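So the structure is just underneath, and the comments pick up after that.
Chains as they are written, first to last, in UniProt numbering: chain A, 673 to 769; chain B, 673 to 767.
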């Protein structure tokens, strides 16, 4: 209706647009900063894991070497004691006859 | 001592060795399997993360062009509201 009413309504829309612009920046700024912090944390973790995972071939190589030796030891103890039993069971058979 | 004594002693040593060996090997292997489990979990996590982080350049891409569209629209809105104001002020001067 009034001319002065149109002008007031424009002026207010203009102040409200400006506040909305300002507050939306602040929201989006905070949200993107959170996203960056989480990305960064994920990345730092991903890297720690990756180092662990890369080191495994060489750790497992060295384990495999000790394990082979231990398997030979276990086997030999077993064979030795199995052989001692055989030998004494044979001497108890010569003697019992 | 007796030969029978020796035999019985050997047989005790044998069955004990056999079983000690068996348990040591179970313990040794369980420990390896436990390590592998943890590693496999870390890798799955690591790949989940890589997927999130490597679609980031793309997500930033579309974000960017959407943010430029919104800011362009907003700059034109502000030009128009400011032309509306000047013009109504003009008519306001003319009473």
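The C-beta atom is built at its ideal place from N, Cα and C for all residues, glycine as well.
Query	Result
Run the proximity test for residue 716 (chain A): is its beta-carbon closer than 7 Å to any non-hydrogen atom belonging to the ligand NAP?	Summarising the ligand content, the structure contains no ligands, and the ligand NAP is consequently not present.
I need the boundaries of the alpha helix (DSSP H) containing residue 727 (chain B), first residue and last residue.	Counting along the chain, residue 727 (chain B) falls outside any alpha helix (DSSP H), and DSSP gives it neither H nor E.
Using a 10 Å radius around the Cβ and a threshold of 16 neighbouring Cβ atoms, would you call residue 721 (chain B) buried or exposed?	buried
Looking at residue 692 (chain A) and residue 753 (chain B), is the spacing between their C-beta atoms short of 8 Å?	no
Whose C-alpha, out of B:674, B:677, B:682, is nearest the C-alpha of residue 758 (chain A)?	B:682
For the 8 Å Cβ check, are there 3 or more pairs between the stretch 735-754 of chain A and the stretch 696-712 of chain B?	yes
Do the CB positions of residue 711 (chain B) and residue 746 (chain A) come within less than 8 Å of each other?	no
Count the other C-beta atoms from every protein chain shown that fall within 10 angstroms of the C-beta of residue 764 (chain B), then say buried if there are 16 or more, exposed otherwise.	exposed
Hey, how far is the Cα of residue 769 (chain A) from the Cα of residue 750 (chain A)?	29 Å
Measure from the alpha carbon of residue 743 (chain B) to the alpha carbon of each residue in A:767, A:696, A:723, A:685, then state which is nearest.	A:696
Could you tell me whether the Cβ of residue 722 (chain B) comes closer than 8 Å to any Cβ of chain A?	yes
Can you grab the Cα-Cα spacing for the pair residue 734 (chain B) / residue 767 (chain B), in whole Å?	50 Å
By how many angstroms is the C-alpha of residue 680 (chain B) removed from the C-alpha of residue 719 (chain A)?	59 Å
Taking only beta-carbon atoms, is residue 679 (chain B) less than 8 Å away from chain A?	yes
Classify residue 713 (chain A): buried if its beta carbon has 16 or more other beta carbons within 10 angstroms, exposed otherwise.	exposed
Give the interface partners of residue 715 (chain A) over in chain B, defined as CB-CB distance under 7 Å, in chain order.	725
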